[PDB]
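The structure appears right after this line, and notes come after that.
What's counted below: heavy atoms across the whole structure, side chains too, no hydrogens, waters or symmetry copies. Chain letters run A, B, ... following the sequence lines, proteins first, then strands; residues in each count from 1.
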Number of protein chains: 4
Amino acid sequence: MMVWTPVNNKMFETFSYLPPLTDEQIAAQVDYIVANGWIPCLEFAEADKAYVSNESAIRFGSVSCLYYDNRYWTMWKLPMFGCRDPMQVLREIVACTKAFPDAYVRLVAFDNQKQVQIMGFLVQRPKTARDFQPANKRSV
Amino acid sequence: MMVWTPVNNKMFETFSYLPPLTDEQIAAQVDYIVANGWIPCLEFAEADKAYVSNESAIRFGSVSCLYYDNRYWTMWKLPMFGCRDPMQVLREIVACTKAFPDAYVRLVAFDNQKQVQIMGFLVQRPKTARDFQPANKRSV
Amino acid sequence: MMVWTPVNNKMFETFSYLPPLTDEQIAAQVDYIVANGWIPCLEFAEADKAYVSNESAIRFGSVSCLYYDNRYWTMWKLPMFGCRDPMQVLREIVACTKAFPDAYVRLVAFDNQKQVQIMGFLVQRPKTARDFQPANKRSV
Amino acid sequence: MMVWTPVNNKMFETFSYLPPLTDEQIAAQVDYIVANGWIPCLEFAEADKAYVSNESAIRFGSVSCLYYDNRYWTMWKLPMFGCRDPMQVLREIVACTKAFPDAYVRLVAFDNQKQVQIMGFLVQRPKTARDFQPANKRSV
């Protein structure tokens with residue numbers, strides 16, 4: 001029996017339970033976005049603004065249900081409408097991470113027919129981050 | 001007249017007002033669990049999650065009565081159902097404290113007829129803890 | 001025109017706007033307690049528990065009116081019932097401040113006919129305190 | 001496409017999106033106050049009291065609408081009623097910033113006919129402030 005650690009074991013939604021995505025694996029996800037005609041977009045956040053929190057609820061009556069702070073991140077430029085080139089997306093990942101080397105960065109994609117985000121995964125975390133585990137240290 | 005110190009004098013429920021339990025005294029408590037046919041279990045928590053707090057109440061209407069965060073700790077493996085061997089319990093204490101040397105660890109036991117925890121006491125605190133006093137410094 | 005500074009200028013209720021009390025001035029206040037047959041008592045608090053605050057109100061409905069945390073401090077021993085000796089009070093000030101050299105300490109007195117505290121002033125603040133001004137620096 | 005940075009990019013209301021005001025530009029704003037017969041005044045705040053916050057709302061029922069802490073700053077002396085001399089205002093700026101070199105300081109002016117503040121801009125921030133960007137680093 002192995003024990004799932006509660007300490008410094010924060011996750012990041014889709015694909016965070018898999019081994020970290022290689023460049024080849026990221027390119028494959030980008031190909032999938034393009035193949036489906038979805039709209040790629042990059043979003044970023046400083047460390048303090050990365051995980052869901054409750055601070056604004058101090059201002060509320062009994063209306064906190066499904067309200068959380070830090071769901072919104074900051075948009076990198078604009079969604080890439082009309083993008084049919086995976087290399088353009090990869091170049092924007094490089095540009096965003098270069099401009100904000102200490103930020104969390106996630107790649108998302110939108111479907112304008114359902115009008116909903118249809119994919120999303122983390123592509124950068126700050127080097128100072130100490131609040132997560134390697135796959136093989138997730139259980140002790 | 002001696003004065004009970006209010007400063008860095010945090011307690012830990014059952015047996016925290018006695019001298020710290022020796023290995024022999026811990027073994028005697030484990031024998032008592034086994035003699036009564038209760039279910040031993042270990043639970044642990046990082047320092048920040050060890051004592052009762054109020055943070056989630058920011059999300060509440062007027063319903064905080066008997067709500068506290070940090071009552072639940074994290075289960076080490078599973079409760080030791082069918083355990084009739086005190087040495088097995090003592091070995092799990094060693095294993096748990098080895099895997100989490102910086103955590104608070106408590107031994108508990110369950111009665112499945114009353115369906116309630118029937119015993120409980122601290123077996124480890126982190127070495128960095130400075131929020132408690134030795135027996136002879138609890139009063140000044 | 002001089003300007004009353006808002007920065008690090010915390011006060012401590014009765015007598016805090018006067019020059020700090022000398023040992024002779026403290027002795028005179030003790031004489032007043034004894035002369036009136038009031039009950040002297042010492043109370044103390046660590047720095048974080050010294051000034052009025054709001055933290056418990058996170059648990060409340062709309063009932064915070066005239067509720068503040070940190071109004072209660074910790075009693076040194078017991079109120080000195082029957083005390084007819086000013087020197088006994090001065091000795092307890094020495095004893096309390098010796099036991100808690102980093103605490104805020106205040107001398108209070110009770111009237112049991114009105115059943116209310118009838119005097120009170122600070123007799124010690126921690127040496128590390130940086131949130132108050134000497135008299136000649138309260139205006140700039 | 002340049003990206004407006006969300007990190008350490010705090011603003012300070014009127015004129016904060018322009019290049020920092022030169023001494024000549026400040027003098028011109030003061031001339032404008034005097035020309036219109038408005039009442040000049042200086043206000044200041046320590047760093048922790050400079051930006052709007054919500055802390056007091058812990059005490060509230062459902063009445064936080066348009067309540068914020070830190071809207072009030074501290075008045076330097078009194079508003080300069082009857083002041084028709086721009087050099088007097090500039091000397092008070094010097095005097096205030098000298099007395100409080102580590103404070104935020106803003107120049108304001110009042111109209112007593114409308115009874116409202118009619119102009120306002122920051123004239124000093126503490127040298128330790130690291131939550132703002134120079135004009136050429138606001139976008140990346």
Check the surroundings of atom [atom1] in [X]: do more than 12 heavy atoms from other residues, nucleotides or ligands lie under 6.0 Å from it?
X         : atom1 : result
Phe132(B) : CZ    : yes
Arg130(B) : CZ    : no
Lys77(A)  : NZ    : yes
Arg84(A)  : CZ    : no
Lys137(A) : NZ    : no

Indicate the atoms forming the closest heavy-atom contact of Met75(B) with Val3(A), along with that distance.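 Taking every non-hydrogen atom into account, O-CG1, 4.1 Å.
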
Among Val140(A), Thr5(A), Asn54(A), which residue forms the greatest number of heavy-atom pairs with chain B at distances under 4.5 Å?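 Highest number of pairs under 4.5 Å: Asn54(A).
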
Do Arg59(B) side-chain atoms and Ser62(A) backbone N/O form a donor-acceptor pair below 3.5 Å?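 Not a single qualifying donor-acceptor pair exists.
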
Please examine the side chains of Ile58(B) and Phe60(A), heavy atoms only from C-beta on, and report whether any two atoms are closer than 4.5 Å.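 Side chain of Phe60(A) against side chain of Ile58(B), heavy atoms only: no contact under 4.5 Å found.
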
Heavy-atom side-chain contact between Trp4(A) and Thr74(B) under 4.5 Å: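 No, too far: nothing below the 4.5 Å cut-off.
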
